[PDB]
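This document starts with one chain, in the form deposited in one PDB entry, laid out as structure tokens.
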């Protein structure tokens, strides 16, 4: 308006809206958009202006500008110690940029050939060490959280590295490094000591693994050959983070996505889809190749995307408005915190009629509406990988099994975590091994 978008009333001040927010952001965010007569709007959070972009037409405005205009570094100040000063968001954009490439060139579909089979294997194991019986009660959020970590390491970890680390141990270290995070952080330590310990431990372990490599093509090795613009290379420090960042990025996001996808599918209300998910994975063999998942599982791919569409794991993508930028009919003043929310966006009823309904064969009725993997200058570099894991798993686990939920309703998102997934205590599921 030659000026800033609409704002929202602060009943109890200098808290902002994190009071009514934290309980349910979706209930909340929807109130404001309807109430404020605008898909876009600003909110108070600790006195700090937060402008949420909730009109899907506008996503382009959010995801297109380069970091110098809209910086994401300021949001993730939280974890500079988790990856190391000068790694990821901690690094400078030119370097941060270069690092992104390194990881990217490690996850391209060029490296994905052994992956498919490497995946079928690691899951099939897990189940036999766990779903031993022909009827069992298992917590899916936890059983998935594990398989994802397993198969990912089976994919990006060298045989020698995986001998000196096992998923279990490595996960428990990521979960050591993580627990030093609390909800109100982006808007304002013996844990930094436990964070640095679990890290310095890993950082050392890795180096050793290197001593043995040289003296004699995985993610590690890949990052080793990595050369910066100026011919400089990564310090073990920088390296270490990168592997963590990679592993962290995919850990919760992927497992949750797998959990939800399974949760939807094992539902009776959702049988036809499961039935379609079979006419798909039926004539395949217990030996899956790249062609199989990639070019022949298209329906399955819809289910995973829908699940991410319905319950996005990252509710808010955020930037720092170093400079002004027009957004629809409004402007954004330097110093604002702008954000775009996949959770809000994926519920806009123009783009998604019955947003809470789970429809795999639905398509976005506003191009760009779906952002589960981001968009623009920052689209997910892990997207292709995550999908390959999840598709193969659902296929693996639905081929040799049938499922039922100890519930009537699929679980409810738990909004108390920085990375949202289905309510843990609801996930307990029970399997009937096929034969």
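Under this definition, the rigid core comprises the largest set of C-alpha atoms superposing within 1.5 Å between the forms. Numbering follows the first chain given and starts at 1.
Chain break class at residue 188/residue 189 - deposited residues not modelled: 4 to 9 residues lack coordinates between residue 188 and residue 189.
Missing residues, deposited sequence, between residue 216 and residue 217 (class: none, 1 to 3, 4 to 9, 10 or more): Gap between residue 216 and residue 217: 4 to 9 unmodelled residues.
Selected stretch [higher average CA B-factor]: 230 to 238 or 335 to 343: The entry gives the higher C-alpha B-factor average to 230 to 238.
13 to 21 or 409 to 417, whichever carries the higher mean Cα B-factor: Averaged over C-alpha atoms, the B-factors run higher in 13 to 21.
Highest recorded Cα temperature factor - choice among 115, 157, 299, 131: So the option with the highest C-alpha B-factor is 131.
Residue of maximum C-alpha B factor among 292, 150, 180, 71, per deposited coordinates: Top of the list by C-alpha B-factor: 180.
For residue 280, the third of its chain into which the C-alpha B factor falls: CA B-factor rank for residue 280: middle third.
Third assignment of residue 380 from its chain's C-alpha B-factors: Lowest third, going by the recorded CA B-factors of the chain.
For residue 58, the third of its chain into which the C-alpha B factor falls: Lowest third, going by the recorded CA B-factors of the chain.
Relative C-alpha B-factor of residue 386, binned into the chain's lowest, middle or highest third: Its C-alpha B-factor belongs to the lowest third of this chain's values.
Chain thirds of CA B-factor: placement of residue 392: Within its chain, residue 392 is a lowest-third residue by C-alpha B-factor, going by the deposited values.
Just so you know, the form deposited in another entry exists too; it's not on screen, but the next bit is about it.
Did residue 424 shift 2 Å or more between the shown form and the other one, C-alpha, core superposed: After core superposition, the C-alpha of residue 424 moves less than 2 Å between the shown form and the other one.
Per-residue C-alpha change between the shown form and the other one, residue 25, threshold 2 Å, rigid core fit: No, the C-alpha moves less than 2 Å.
Cα separation of residue 16 and residue 58 in the other form versus here, shift of 3 Å or more: Relative to the displayed form, residue 16 and residue 58 move farther apart in the other form - a change of at least 3 Å between their C-alphas.
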